[PDB]
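Okay, so here's the structure we're looking at.
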Amino acid sequence: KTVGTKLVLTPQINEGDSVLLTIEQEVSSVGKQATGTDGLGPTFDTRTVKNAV
Amino acid sequence: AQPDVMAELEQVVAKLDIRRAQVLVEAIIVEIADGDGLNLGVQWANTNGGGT
Numbered sequence: 464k465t466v467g468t469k470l471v472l473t474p475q476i477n478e479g480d481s482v483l484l485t486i487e488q489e490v491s492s493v494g495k496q497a498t499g500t501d502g503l504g505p506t507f508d509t510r511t512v513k514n515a516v
Numbered sequence: 307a308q309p310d311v312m313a314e315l316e317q318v319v320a321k322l323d324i325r326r327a328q329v330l331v332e333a334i335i336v337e338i339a340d341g342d343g344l345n346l347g348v349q350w351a352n353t354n355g356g357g358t
């Protein structure tokens with residue numbers, strides 16, 4: 464799984480000025496590369512926002 | 307399509323390509339929590355008489 468600063472964006476242009484941006488982004492992390500979990504695999508701190516604007 | 311349909315599709319497209327409006331949505335989640343436990347209790351033990 465690719466967890467880091469991700470921007471996935473498909474822009475679409477209004478003939479004149481204003482951009483339609485389909486954004487799926489997040490800032491995510493595996494906590495500490497020397498720390499475990501109460502579960503079973505790695506966990507991730509994510510800040511995500513997927514929207515069209 | 308036929309030039310008749312081209313002009314009809316041209317109105318459909320023009321209506322369907324309208325600048326879709328944007329919405330800023332703020333949610334506000336407020337929670338407040340507390341409570342009071344109290345444990346007071348008195349025990350008397352007497353060798354001669356008895357204990358509680």
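Protein chains in written order, with PDB author numbering: chain F, 464 to 516; chain E, 307 to 358. From the three backbone atoms N, C-alpha and C, an ideal C-beta is built for every residue, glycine too.
According to DSSP, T511(F) shares a beta bridge with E489(F).
When C-beta atoms of the stretch 308-321 of chain E are compared with those of the stretch 489-498 of chain F, fewer than three pairs fall below 8 Å, so the two segments do not count as touching. Look at the beta carbons and you see the stretch 475-484 of chain F not touching the stretch 492-509 of chain F: under three pairs across the two are nearer than 8 Å.
In this structure, the straight-line span from the alpha carbon of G479(F) to that of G502(F) is close to 51 Å.
Ranked by Cα distance from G347(E), the options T358(E), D340(E), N354(E) and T353(E) are led by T358(E). If you look at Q317(E), you'll find it in the alpha helix (DSSP H) that goes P309 to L322. According to DSSP, residue pairing for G494(F) in a beta bridge does not occur. Bounds of the beta strand (DSSP E) holding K469(F) are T468 to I476. Between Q308(E) and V516(F), the C-beta spacing is not below 8 Å.
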